[PDB]
$ cat query-v3.cif   # mmCIF, N, CA and C atoms
data_data
loop_
_atom_site.label_atom_id
_atom_site.label_comp_id
_atom_site.auth_asym_id
_atom_site.auth_seq_id
_atom_site.Cartn_x
_atom_site.Cartn_y
_atom_site.Cartn_z
N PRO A 1 -38.70 -3.47 -140.61
CA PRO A 1 -39.71 -4.52 -140.37
C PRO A 1 -39.89 -5.51 -141.51
N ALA A 2 -39.40 -5.20 -142.72
CA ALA A 2 -39.44 -6.16 -143.81
C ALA A 2 -38.25 -7.12 -143.80
N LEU A 3 -37.32 -6.97 -142.86
CA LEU A 3 -36.05 -7.69 -142.89
C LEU A 3 -36.04 -8.96 -142.04
N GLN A 4 -36.97 -9.11 -141.10
CA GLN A 4 -36.94 -10.24 -140.17
C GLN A 4 -37.47 -11.53 -140.77
N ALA A 5 -38.01 -11.49 -141.99
CA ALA A 5 -38.66 -12.65 -142.60
C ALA A 5 -37.62 -13.47 -143.36
N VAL A 6 -36.89 -14.30 -142.62
CA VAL A 6 -35.98 -15.28 -143.21
C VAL A 6 -36.63 -16.65 -143.11
N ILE A 7 -36.61 -17.40 -144.21
CA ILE A 7 -37.39 -18.63 -144.33
C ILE A 7 -36.40 -19.77 -144.52
N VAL A 8 -35.26 -19.68 -143.83
CA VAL A 8 -34.32 -20.81 -143.85
C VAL A 8 -34.95 -21.99 -143.12
N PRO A 9 -34.71 -23.23 -143.54
CA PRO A 9 -35.37 -24.37 -142.92
C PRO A 9 -34.63 -24.85 -141.69
N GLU A 10 -35.27 -25.77 -140.96
CA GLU A 10 -34.66 -26.47 -139.84
C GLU A 10 -33.99 -27.72 -140.42
N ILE A 11 -32.69 -27.61 -140.68
CA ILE A 11 -31.94 -28.72 -141.27
C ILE A 11 -31.83 -29.86 -140.27
N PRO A 12 -32.07 -31.11 -140.67
CA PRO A 12 -31.87 -32.23 -139.75
C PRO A 12 -30.41 -32.39 -139.36
N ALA A 13 -30.20 -32.94 -138.17
CA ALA A 13 -28.86 -33.06 -137.61
C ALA A 13 -28.02 -34.04 -138.42
N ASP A 14 -26.72 -33.72 -138.52
CA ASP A 14 -25.71 -34.52 -139.24
C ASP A 14 -26.09 -34.73 -140.70
N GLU A 15 -26.49 -33.64 -141.36
CA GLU A 15 -26.89 -33.67 -142.76
C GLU A 15 -26.08 -32.64 -143.55
N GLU A 16 -25.99 -32.86 -144.86
CA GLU A 16 -25.26 -31.95 -145.72
C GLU A 16 -26.03 -30.65 -145.91
N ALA A 17 -25.29 -29.56 -146.10
CA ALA A 17 -25.91 -28.27 -146.38
C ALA A 17 -26.28 -28.19 -147.85
N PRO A 18 -27.56 -27.98 -148.19
CA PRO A 18 -27.93 -27.89 -149.61
C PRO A 18 -27.44 -26.59 -150.24
N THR A 19 -27.03 -26.68 -151.50
CA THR A 19 -26.52 -25.55 -152.26
C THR A 19 -27.33 -25.27 -153.52
N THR A 20 -27.73 -26.31 -154.25
CA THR A 20 -28.53 -26.11 -155.45
C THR A 20 -29.98 -25.77 -155.07
N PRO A 21 -30.63 -24.90 -155.84
CA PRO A 21 -32.02 -24.52 -155.54
C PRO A 21 -33.08 -25.48 -156.06
N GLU A 22 -32.70 -26.67 -156.54
CA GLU A 22 -33.69 -27.61 -157.05
C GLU A 22 -34.33 -28.44 -155.95
N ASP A 23 -33.60 -28.72 -154.87
CA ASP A 23 -34.20 -29.49 -153.79
C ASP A 23 -35.07 -28.59 -152.92
N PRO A 24 -36.11 -29.14 -152.29
CA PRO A 24 -36.93 -28.33 -151.37
C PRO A 24 -36.19 -27.87 -150.12
N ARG A 25 -35.08 -28.52 -149.77
CA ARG A 25 -34.31 -28.13 -148.59
C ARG A 25 -33.61 -26.79 -148.77
N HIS A 26 -33.41 -26.34 -150.00
CA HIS A 26 -32.80 -25.04 -150.23
C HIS A 26 -33.79 -23.93 -149.84
N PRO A 27 -33.31 -22.84 -149.23
CA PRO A 27 -34.23 -21.75 -148.87
C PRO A 27 -34.81 -21.01 -150.06
N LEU A 28 -34.21 -21.12 -151.24
CA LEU A 28 -34.68 -20.44 -152.44
C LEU A 28 -35.59 -21.31 -153.30
N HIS A 29 -36.00 -22.47 -152.79
CA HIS A 29 -36.95 -23.31 -153.50
C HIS A 29 -38.34 -22.68 -153.46
N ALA A 30 -39.17 -23.05 -154.44
CA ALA A 30 -40.51 -22.48 -154.54
C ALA A 30 -41.43 -23.01 -153.44
N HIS A 31 -41.12 -24.17 -152.87
CA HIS A 31 -41.92 -24.71 -151.78
C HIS A 31 -41.75 -23.89 -150.51
N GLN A 32 -40.52 -23.44 -150.23
CA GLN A 32 -40.21 -22.66 -149.03
C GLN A 32 -40.23 -21.16 -149.30
N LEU A 33 -41.05 -20.71 -150.24
CA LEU A 33 -41.14 -19.31 -150.63
C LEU A 33 -42.52 -18.79 -150.23
N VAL A 34 -42.56 -18.02 -149.15
CA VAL A 34 -43.77 -17.31 -148.73
C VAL A 34 -43.64 -15.88 -149.23
N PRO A 35 -44.73 -15.24 -149.67
CA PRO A 35 -44.64 -13.83 -150.07
C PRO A 35 -44.34 -12.92 -148.88
N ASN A 36 -43.84 -11.72 -149.20
CA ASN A 36 -43.39 -10.71 -148.24
C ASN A 36 -42.31 -11.27 -147.31
N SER A 37 -41.33 -11.93 -147.93
CA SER A 37 -40.19 -12.48 -147.22
C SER A 37 -38.94 -12.24 -148.05
N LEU A 38 -37.78 -12.43 -147.41
CA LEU A 38 -36.51 -12.18 -148.08
C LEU A 38 -36.25 -13.12 -149.24
N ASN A 39 -36.83 -14.33 -149.21
CA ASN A 39 -36.54 -15.32 -150.24
C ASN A 39 -37.14 -14.93 -151.59
N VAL A 40 -38.36 -14.39 -151.59
CA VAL A 40 -38.96 -13.96 -152.85
C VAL A 40 -38.25 -12.72 -153.40
N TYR A 41 -37.72 -11.87 -152.52
CA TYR A 41 -36.97 -10.71 -152.99
C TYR A 41 -35.60 -11.11 -153.54
N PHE A 42 -35.02 -12.18 -153.00
CA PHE A 42 -33.79 -12.72 -153.58
C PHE A 42 -34.07 -13.43 -154.90
N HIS A 43 -35.21 -14.11 -155.00
CA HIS A 43 -35.53 -14.85 -156.22
C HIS A 43 -35.97 -13.93 -157.35
N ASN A 44 -36.52 -12.76 -157.03
CA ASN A 44 -36.83 -11.78 -158.07
C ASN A 44 -35.55 -11.27 -158.73
N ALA A 45 -34.46 -11.21 -157.97
CA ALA A 45 -33.14 -10.95 -158.52
C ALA A 45 -32.49 -12.20 -159.10
N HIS A 46 -33.03 -13.38 -158.79
CA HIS A 46 -32.51 -14.68 -159.22
C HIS A 46 -31.03 -14.86 -158.84
N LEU A 47 -30.73 -14.62 -157.57
CA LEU A 47 -29.41 -14.84 -157.02
C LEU A 47 -29.44 -16.07 -156.11
N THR A 48 -28.26 -16.65 -155.90
CA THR A 48 -28.12 -17.89 -155.15
C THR A 48 -27.45 -17.62 -153.82
N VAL A 49 -28.18 -17.85 -152.73
CA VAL A 49 -27.67 -17.72 -151.37
C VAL A 49 -28.07 -18.96 -150.58
N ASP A 50 -27.31 -19.24 -149.53
CA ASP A 50 -27.49 -20.45 -148.74
C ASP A 50 -28.27 -20.15 -147.46
N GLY A 51 -28.43 -21.19 -146.64
CA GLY A 51 -29.16 -21.03 -145.39
C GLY A 51 -28.44 -20.14 -144.40
N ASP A 52 -27.13 -20.33 -144.25
CA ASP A 52 -26.37 -19.46 -143.35
C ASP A 52 -26.25 -18.05 -143.91
N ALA A 53 -26.37 -17.89 -145.23
CA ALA A 53 -26.34 -16.57 -145.84
C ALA A 53 -27.52 -15.71 -145.38
N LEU A 54 -28.71 -16.31 -145.27
CA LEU A 54 -29.84 -15.58 -144.71
C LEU A 54 -29.87 -15.66 -143.19
N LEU A 55 -29.12 -16.60 -142.60
CA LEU A 55 -29.01 -16.66 -141.15
C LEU A 55 -28.09 -15.59 -140.59
N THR A 56 -27.22 -15.01 -141.43
CA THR A 56 -26.40 -13.88 -140.99
C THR A 56 -27.20 -12.61 -140.76
N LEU A 57 -28.48 -12.58 -141.16
CA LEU A 57 -29.32 -11.41 -140.90
C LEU A 57 -29.54 -11.20 -139.40
N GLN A 58 -29.67 -12.28 -138.63
CA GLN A 58 -30.01 -12.15 -137.22
C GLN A 58 -28.82 -11.63 -136.40
N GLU A 59 -27.60 -11.78 -136.91
CA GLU A 59 -26.45 -11.15 -136.26
C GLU A 59 -26.02 -9.87 -136.95
N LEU A 60 -26.49 -9.62 -138.17
CA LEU A 60 -26.34 -8.29 -138.77
C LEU A 60 -27.28 -7.30 -138.09
N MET A 61 -28.39 -7.79 -137.54
CA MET A 61 -29.36 -6.96 -136.83
C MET A 61 -28.80 -6.32 -135.57
N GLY A 62 -27.66 -6.80 -135.05
CA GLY A 62 -27.13 -6.29 -133.79
C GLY A 62 -26.79 -4.81 -133.83
N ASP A 63 -26.31 -4.33 -134.97
CA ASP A 63 -26.18 -2.89 -135.17
C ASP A 63 -27.37 -2.37 -135.96
N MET A 64 -27.96 -1.29 -135.47
CA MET A 64 -29.12 -0.68 -136.10
C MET A 64 -28.74 0.67 -136.68
N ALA A 65 -29.54 1.11 -137.65
CA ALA A 65 -29.44 2.44 -138.23
C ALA A 65 -30.80 3.10 -138.08
N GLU A 66 -30.82 4.29 -137.47
CA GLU A 66 -32.08 4.85 -136.98
C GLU A 66 -32.93 5.41 -138.11
N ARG A 67 -32.44 6.46 -138.76
CA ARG A 67 -33.12 7.15 -139.85
C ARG A 67 -32.13 8.13 -140.47
N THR A 68 -32.36 8.45 -141.73
CA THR A 68 -31.52 9.43 -142.40
C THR A 68 -31.92 10.84 -141.98
N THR A 69 -30.92 11.72 -141.89
CA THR A 69 -31.13 13.10 -141.48
C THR A 69 -30.31 14.01 -142.37
N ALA A 70 -30.71 15.28 -142.42
CA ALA A 70 -30.11 16.26 -143.31
C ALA A 70 -29.18 17.17 -142.53
N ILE A 71 -27.94 17.29 -142.99
CA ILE A 71 -26.93 18.12 -142.36
C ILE A 71 -26.54 19.23 -143.33
N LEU A 72 -26.74 20.48 -142.91
CA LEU A 72 -26.30 21.65 -143.65
C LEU A 72 -25.16 22.29 -142.86
N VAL A 73 -23.96 22.27 -143.43
CA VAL A 73 -22.77 22.81 -142.79
C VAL A 73 -22.41 24.13 -143.47
N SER A 74 -21.73 25.00 -142.73
CA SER A 74 -21.27 26.26 -143.27
C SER A 74 -19.97 26.67 -142.59
N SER A 75 -19.17 27.46 -143.30
CA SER A 75 -17.90 27.94 -142.78
C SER A 75 -17.54 29.25 -143.46
N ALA A 76 -16.58 29.94 -142.87
CA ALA A 76 -16.00 31.14 -143.45
C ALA A 76 -15.17 30.77 -144.68
N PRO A 77 -14.91 31.72 -145.58
CA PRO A 77 -13.97 31.46 -146.67
C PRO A 77 -12.55 31.26 -146.15
N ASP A 78 -11.73 30.62 -146.98
CA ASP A 78 -10.42 30.14 -146.55
C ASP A 78 -9.47 31.30 -146.25
N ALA A 79 -8.46 30.99 -145.42
CA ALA A 79 -7.53 32.01 -144.94
C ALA A 79 -6.67 32.60 -146.05
N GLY A 80 -6.56 31.93 -147.19
CA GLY A 80 -5.92 32.54 -148.34
C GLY A 80 -6.72 33.70 -148.91
N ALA A 81 -8.04 33.66 -148.75
CA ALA A 81 -8.91 34.71 -149.26
C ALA A 81 -9.84 35.24 -148.17
N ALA A 82 -9.41 35.16 -146.91
CA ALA A 82 -10.18 35.71 -145.79
C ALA A 82 -9.69 37.12 -145.51
N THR A 83 -10.52 38.11 -145.82
CA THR A 83 -10.20 39.50 -145.50
C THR A 83 -11.32 40.11 -144.67
N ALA A 84 -11.27 41.43 -144.47
CA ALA A 84 -12.25 42.09 -143.60
C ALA A 84 -13.65 42.09 -144.21
N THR A 85 -13.76 41.95 -145.53
CA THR A 85 -15.06 42.02 -146.18
C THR A 85 -15.55 40.68 -146.73
N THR A 86 -14.66 39.70 -146.94
CA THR A 86 -15.12 38.38 -147.37
C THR A 86 -15.66 37.55 -146.21
N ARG A 87 -15.35 37.93 -144.97
CA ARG A 87 -15.79 37.15 -143.82
C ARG A 87 -17.28 37.31 -143.57
N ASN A 88 -17.89 38.35 -144.15
CA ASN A 88 -19.33 38.53 -144.03
C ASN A 88 -20.09 37.45 -144.78
N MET A 89 -19.60 37.06 -145.96
CA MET A 89 -20.28 36.06 -146.78
C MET A 89 -19.66 34.69 -146.53
N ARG A 90 -20.49 33.71 -146.19
CA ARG A 90 -20.07 32.35 -145.91
C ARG A 90 -20.52 31.42 -147.02
N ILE A 91 -20.00 30.20 -146.99
CA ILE A 91 -20.34 29.16 -147.96
C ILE A 91 -21.27 28.17 -147.29
N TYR A 92 -22.34 27.78 -147.99
CA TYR A 92 -23.36 26.92 -147.43
C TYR A 92 -23.57 25.70 -148.32
N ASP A 93 -23.27 24.52 -147.77
CA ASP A 93 -23.43 23.27 -148.49
C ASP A 93 -24.04 22.24 -147.55
N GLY A 94 -24.72 21.25 -148.13
CA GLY A 94 -25.48 20.29 -147.37
C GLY A 94 -25.06 18.85 -147.67
N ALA A 95 -25.50 17.95 -146.80
CA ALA A 95 -25.17 16.54 -146.91
C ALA A 95 -26.28 15.71 -146.28
N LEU A 96 -26.24 14.41 -146.57
CA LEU A 96 -27.24 13.46 -146.10
C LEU A 96 -26.55 12.41 -145.24
N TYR A 97 -26.80 12.46 -143.93
CA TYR A 97 -26.33 11.40 -143.05
C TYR A 97 -27.26 10.19 -143.20
N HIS A 98 -26.66 9.00 -143.32
CA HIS A 98 -27.36 7.74 -143.59
C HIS A 98 -28.18 7.81 -144.89
#
$ encode --input "query-v3.cif" --output "structure tokens"
Amino acid sequence: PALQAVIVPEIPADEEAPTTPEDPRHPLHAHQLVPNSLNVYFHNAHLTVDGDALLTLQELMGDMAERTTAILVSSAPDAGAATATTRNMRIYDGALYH
């Protein structure tokens, strides 16, 4: 829910795409910076991105990631050391999906 706040402007038709952050037409200008938006989080890092750079968020949104979950897997010991008494004890290791 913090990701939908893109503050790219409505560029007038048949106009050049601004690149420097000194003009107000740039999305990283202080005039077009509302708090709790992606532009202030980019400016806190002081990185330079364009209008289409933040416009790629709306098509990056097409694939979603639900939530991270914990996976604990286990298996028997390997066939090089699998005997009648080692098969009782298994190996237990865990991982983090997403």
$ select_by_dssp --input "query-v3.cif" --residues "chain A" --states "helix (DSSP H, G or I)" --output "ChimeraX atom specification"
/A:38-45,51-55,57-60
$ residues_around --input "query-v3.cif" --residues "residue A:68" --least-positions-apart "5" --cutoff "6.5 Å" --atoms "only N, CA and C atoms" --output "MDAnalysis selection string"
chainID A and resid 96:98
$ write_last_selection --input "query-v3.cif" --atoms "N, CA and C atoms" --output "short mmCIF file (atom, residue, chain, number, x, y, z; two decimals), keeping the file's coordinate frame"
data_model
loop_
_atom_site.label_atom_id
_atom_site.label_comp_id
_atom_site.auth_asym_id
_atom_site.auth_seq_id
_atom_site.Cartn_x
_atom_site.Cartn_y
_atom_site.Cartn_z
N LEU A 96 -26.24 14.41 -146.57
CA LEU A 96 -27.24 13.46 -146.10
C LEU A 96 -26.55 12.41 -145.24
N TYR A 97 -26.80 12.46 -143.93
CA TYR A 97 -26.33 11.40 -143.05
C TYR A 97 -27.26 10.19 -143.20
N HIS A 98 -26.66 9.00 -143.32
CA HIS A 98 -27.36 7.74 -143.59
C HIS A 98 -28.18 7.81 -144.89
#
$ resolve_selection --input "query-v3.cif" --expression "the PyMOL selection byres ((chain A and resi 92) around 5)" --output "count of residues only"
6
$ closest_residue --input "query-v3.cif" --among "A:50, A:89, A:72, A:58" --to "residue A:17" --atoms "only N, CA and C atoms"
A:50
$ atom_distance --input "query-v3.cif" --atom1 "atom CA of residue A:46" --atom2 "atom CA of residue A:28"
9.2 Å
$ atom_distance --input "query-v3.cif" --atom1 "atom CA of residue A:11" --atom2 "atom CA of residue A:51"
9.2 Å
$ closest_residue --input "query-v3.cif" --among "A:41, A:14, A:67, A:9" --to "residue A:27" --atoms "all atoms listed in the file"
A:9
$ closest_residue --input "query-v3.cif" --among "A:55, A:70, A:64, A:49" --to "residue A:18" --atoms "only N, CA and C atoms"
A:49
$ resolve_selection --input "query-v3.cif" --expression "the PyMOL selection byres ((chain A and resi 31-39) around 7)" --output "ChimeraX atom specification"
/A:2-7,24,26-30,40-44
$ atom_distance --input "query-v3.cif" --atom1 "atom C of residue A:75" --atom2 "atom CA of residue A:88"
9.5 Å
$ axis_aligned_box --input "query-v3.cif" --around "stretch 33-40 of chain A" --padding-each-side "8 Å" --output "JSON"
{"center_x": -40.5, "center_y": -15.7, "center_z": -150.3, "size_x": 24.5, "size_y": 26.0, "size_z": 22.2}
$ select_by_dssp --input "query-v3.cif" --residues "chain A" --states "strand (DSSP E)" --output "list in words"
residues 69, 70, 71, 72, 73, 74, 75, 91, 92, 93, 94, 95, 96 and 97 of chain A
$ build_atoms --input "query-v3.cif" --residues "stretch 73-85 of chain A" --atoms "N, CA, C and O atoms" --output "PDB file, in the coordinates of the input"
ATOM      1  N   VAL A  73     -23.960  22.270-143.430  1.00  0.00           N
ATOM      2  CA  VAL A  73     -22.770  22.810-142.790  1.00  0.00           C
ATOM      3  C   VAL A  73     -22.410  24.130-143.470  1.00  0.00           C
ATOM      4  O   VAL A  73     -22.762  24.359-144.629  1.00  0.00           O
ATOM      5  N   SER A  74     -21.730  25.000-142.730  1.00  0.00           N
ATOM      6  CA  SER A  74     -21.270  26.260-143.270  1.00  0.00           C
ATOM      7  C   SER A  74     -19.970  26.670-142.590  1.00  0.00           C
ATOM      8  O   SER A  74     -19.709  26.293-141.444  1.00  0.00           O
ATOM      9  N   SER A  75     -19.170  27.460-143.300  1.00  0.00           N
ATOM     10  CA  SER A  75     -17.900  27.940-142.780  1.00  0.00           C
ATOM     11  C   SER A  75     -17.540  29.250-143.460  1.00  0.00           C
ATOM     12  O   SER A  75     -18.115  29.619-144.489  1.00  0.00           O
ATOM     13  N   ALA A  76     -16.580  29.940-142.870  1.00  0.00           N
ATOM     14  CA  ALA A  76     -16.000  31.140-143.450  1.00  0.00           C
ATOM     15  C   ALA A  76     -15.170  30.770-144.680  1.00  0.00           C
ATOM     16  O   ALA A  76     -14.768  29.614-144.841  1.00  0.00           O
ATOM     17  N   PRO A  77     -14.910  31.720-145.580  1.00  0.00           N
ATOM     18  CA  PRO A  77     -13.970  31.460-146.670  1.00  0.00           C
ATOM     19  C   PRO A  77     -12.550  31.260-146.150  1.00  0.00           C
ATOM     20  O   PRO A  77     -12.214  31.649-145.025  1.00  0.00           O
ATOM     21  N   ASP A  78     -11.730  30.620-146.980  1.00  0.00           N
ATOM     22  CA  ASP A  78     -10.420  30.140-146.550  1.00  0.00           C
ATOM     23  C   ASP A  78      -9.470  31.300-146.250  1.00  0.00           C
ATOM     24  O   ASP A  78      -9.636  32.419-146.731  1.00  0.00           O
ATOM     25  N   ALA A  79      -8.460  30.990-145.420  1.00  0.00           N
ATOM     26  CA  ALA A  79      -7.530  32.010-144.940  1.00  0.00           C
ATOM     27  C   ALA A  79      -6.670  32.600-146.050  1.00  0.00           C
ATOM     28  O   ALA A  79      -6.103  33.685-145.859  1.00  0.00           O
ATOM     29  N   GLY A  80      -6.560  31.930-147.190  1.00  0.00           N
ATOM     30  CA  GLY A  80      -5.920  32.540-148.340  1.00  0.00           C
ATOM     31  C   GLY A  80      -6.720  33.700-148.910  1.00  0.00           C
ATOM     32  O   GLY A  80      -6.147  34.627-149.484  1.00  0.00           O
ATOM     33  N   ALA A  81      -8.040  33.660-148.750  1.00  0.00           N
ATOM     34  CA  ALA A  81      -8.910  34.710-149.260  1.00  0.00           C
ATOM     35  C   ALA A  81      -9.840  35.240-148.170  1.00  0.00           C
ATOM     36  O   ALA A  81     -10.942  35.717-148.457  1.00  0.00           O
ATOM     37  N   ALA A  82      -9.410  35.160-146.910  1.00  0.00           N
ATOM     38  CA  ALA A  82     -10.180  35.710-145.790  1.00  0.00           C
ATOM     39  C   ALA A  82      -9.690  37.120-145.510  1.00  0.00           C
ATOM     40  O   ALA A  82      -8.565  37.314-145.027  1.00  0.00           O
ATOM     41  N   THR A  83     -10.520  38.110-145.820  1.00  0.00           N
ATOM     42  CA  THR A  83     -10.200  39.500-145.500  1.00  0.00           C
ATOM     43  C   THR A  83     -11.320  40.110-144.670  1.00  0.00           C
ATOM     44  O   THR A  83     -12.219  39.397-144.217  1.00  0.00           O
ATOM     45  N   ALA A  84     -11.270  41.430-144.470  1.00  0.00           N
ATOM     46  CA  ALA A  84     -12.250  42.090-143.600  1.00  0.00           C
ATOM     47  C   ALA A  84     -13.650  42.090-144.210  1.00  0.00           C
ATOM     48  O   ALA A  84     -14.636  42.223-143.480  1.00  0.00           O
ATOM     49  N   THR A  85     -13.760  41.950-145.530  1.00  0.00           N
ATOM     50  CA  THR A  85     -15.060  42.020-146.180  1.00  0.00           C
ATOM     51  C   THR A  85     -15.550  40.680-146.730  1.00  0.00           C
ATOM     52  O   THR A  85     -16.749  40.532-146.969  1.00  0.00           O
TER      53      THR A  85
END
